[PDB]
Amino acid sequence: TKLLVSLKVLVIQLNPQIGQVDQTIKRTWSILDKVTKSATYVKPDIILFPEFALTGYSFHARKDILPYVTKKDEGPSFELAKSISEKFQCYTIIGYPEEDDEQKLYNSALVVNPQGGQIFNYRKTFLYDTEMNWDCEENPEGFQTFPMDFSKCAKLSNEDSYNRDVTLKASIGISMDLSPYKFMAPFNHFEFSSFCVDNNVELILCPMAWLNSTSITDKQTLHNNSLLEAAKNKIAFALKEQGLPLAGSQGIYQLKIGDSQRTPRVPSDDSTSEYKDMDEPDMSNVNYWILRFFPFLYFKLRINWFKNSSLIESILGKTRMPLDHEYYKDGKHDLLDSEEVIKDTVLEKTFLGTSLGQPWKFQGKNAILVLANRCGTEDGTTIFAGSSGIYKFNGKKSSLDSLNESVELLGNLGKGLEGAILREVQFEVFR
């Protein structure tokens, strides 16, 4: 049975700096106030914050992050999310540095329900170089899904109001989760987006601290003090030229609340990566994010792949996580050469978006992608891309970027300003 759904999605984009937790919280409440006073404000069903939203990101040592870590149900990030959730009667998702009882540290995203109860805590699964500075752990469960109960958000297709409840299957992916494992795995594994398609995820939520490519990332540059000083001067000039302090913009809010302005489809060019025009999205990254969700995108060649059975071995051979991942370090552990039957789960598996039974498993389905990316700069070396946005994969029957009309760009914030975007998102699920 087809169920129509309407979700009001609010994304908050922040520029948190290390040691400014109280200030960032105050700016957060200021943003939310301005959101409610907007002409086309409507109450959100879900509010999403970035990765490490209140604390800043670039911690260089375990000692430096320890004053900001919290248990999953204590501390400033949890209390903030609970207060927001109670005052807006919504789900609230926020990224925060976590410590558990056994003194292990994670990069995490907690979920609070409209009653102020914590229903989920997701830990980052693919780690970035920065996480290794402070002894961050990989999520031992690997990628995960969870139910979200939405009240009064659904209807049958002939009904005239959204008066039914719906439980959506959701998944959280934190920034690097979207990348090939350790940047070393094959690009076309698309591990996270394949997992979401495999598990029929409907709502994809991504707190991120994702870089603009003006950032200094070259390893030989970072470890040669002469090259590093020169590189740092280049970034300083780029910020100064934009009339920005080195840390980037704070406290000047771009608000796109309830409008229906869509983001223009643009292919990536040698201009699209420049850190200029702070109120416009970084389309080099928008196109790249869309590409990392390739299994959700229409692609003509899949019919040939399916007809020639070119991917059957890739599909059968694929494991749940990379073999060297934390997932298999405790607990978890050839169908063609066996008398074991083919289970339903194997028929749900995909590679490059193709399954054993269909050229394109996602065809005819809907999914919503919500990306909350931080903005600003850290260490004089690292420029975050901002450009938080909401996307709809419509499953309708080419290009590997925003020109592909099987994805809908429902709206983005700019690459460099703090702010908020609210969109009503309409899509269908099957029950």
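Because only heavy atoms are used, hydrogens play no part in the values below, and waters and symmetry mates are left out as well, while side chains stay in. Numbers for residues simply follow the sequence, beginning at 1.
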[X] side chain vs [Y] backbone, donor-acceptor pair below 3.5 Å:
X: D177; Y: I174; answer: yes
X: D379; Y: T381; answer: no
X: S388; Y: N373; answer: yes
X: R423; Y: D259; answer: yes
X: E280; Y: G416; answer: no
X: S406; Y: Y298; answer: yes
X: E408; Y: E405; answer: no
X: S215; Y: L211; answer: no
X: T221; Y: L227; answer: no
X: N212; Y: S273; answer: yes

Residues in side chain to side chain contact (heavy atoms under 4.5 Å, CB included) with [X], at least two apart?
X: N121; answer: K72, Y96, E98, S108, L110, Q118, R123
X: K169; answer: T145, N199, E202
X: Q23; answer: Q20, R27
X: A209; answer: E51, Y57, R374, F384

What pair of heavy atoms forms the shortest contact from [X] to [Y], and how long is it?
X: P267; Y: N287; result: C-ND2, 3.5 Å
X: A420; Y: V35; result: CB-CG2, 3.8 Å
X: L178; Y: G173; result: CD1-O, 4.3 Å
X: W360; Y: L297; result: CZ2-C, 3.5 Å
X: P16; Y: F52; result: CG-O, 3.8 Å
X: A53; Y: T24; result: O-CG2, 3.7 Å

How long is the straight-line distance from [atom2] of [Y] back to [atom1] of [X], given to the nearest 0.5 Å?
X: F427; Y: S6; atom1: CZ; atom2: OG; answer: 8.5 Å
X: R292; Y: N285; atom1: CZ; atom2: CG; answer: 13.0 Å
X: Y288; Y: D282; atom1: OH; atom2: CG; answer: 13.0 Å
X: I46; Y: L205; atom1: CD1; atom2: CG; answer: 4.5 Å
X: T263; Y: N412; atom1: OG1; atom2: CG; answer: 3.5 Å

Hey, are [X] and [Y] close enough for a salt bridge, meaning a charged N less than 4.0 Å from a carboxylate O?
X: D198; Y: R320; answer: no
X: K124; Y: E137; answer: no
X: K415; Y: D279; answer: no

When you compare the side chain of [Y] with that of [X], does any pair of heavy atoms fall below 4.5 Å?
X: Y253; Y: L417; answer: no
X: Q254; Y: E418; answer: no
X: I47; Y: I93; answer: no

Does the side chain to side chain contact (heavy atoms under 4.5 Å, CB included) test come out yes or no for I368 and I204, once each step is laid out? CA-CA 6 Å; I368 302 303; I204 313 162; over 6 Å; no
message = Taking ring pair (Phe, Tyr, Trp, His ring centres under 6.0 Å) as the definition, give me every residue that meets it alongside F146, ordered by chain and number, with sequence neighbours left out.
response =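 Ring pair (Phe, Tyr, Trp, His ring centres under 6.0 Å) list for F146, sorted by chain: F120.
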Angle between ring planes, [X] versus [Y], binned at 30° and 60°: parallel, tilted or perpendicular?
X: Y91; Y: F150; answer: tilted
X: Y68; Y: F59; answer: tilted
X: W289; Y: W210; answer: perpendicular
X: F195; Y: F143; answer: tilted

With sequence neighbours left out, write down each residue that passes salt bridge (charged side-chain N to carboxylate O under 4.0 Å, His left out) with [X], or none if nothing qualifies.
X: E428; answer: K2
X: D33; answer: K37
X: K361; answer: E348
X: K365; answer: none

Does a donor on one side chain sit under 3.5 Å from an acceptor on the other, for [X] and [Y]?
X: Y122; Y: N139; result: no
X: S38; Y: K34; result: no
X: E131; Y: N133; result: no

Starting from the C-alpha separation in whole Å, work towards a yes-or-no answer on side chain to side chain contact (heavy atoms under 4.5 Å, CB included) for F192 and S171.
CA-CA 10 Å; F192 179 67; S171 185; 3.8 Å; yes
For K256, the option from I421, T40, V11 that meets side-chain contact (heavy atoms from CB on, under 4.5 Å):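 Only one of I421, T40, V11 forms a side-chain contact (heavy atoms from CB on, under 4.5 Å) with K256, namely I421.
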#### Entry: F351 six-ring centre to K318 NZ/CZ under 6.0 Å and within 45° of normal
no
**Prompt:** Listed by chain and number, what are the side-chain hydrogen bond (donor to acceptor under 3.5 Å, both in side chains) partners of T36, not counting sequence neighbours?
**Reply:**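 Listed in chain order: nothing, the list is empty.
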Residue pairs passing the side-chain hydrogen bond (donor to acceptor under 3.5 Å, both in side chains) test with at least one member in residues 235-244, sequence neighbours excluded, are none
In short, side-chain hydrogen bond (donor to acceptor under 3.5 Å, both in side chains) pairs touching residues 181-193 with sequence neighbours left out are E138-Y181
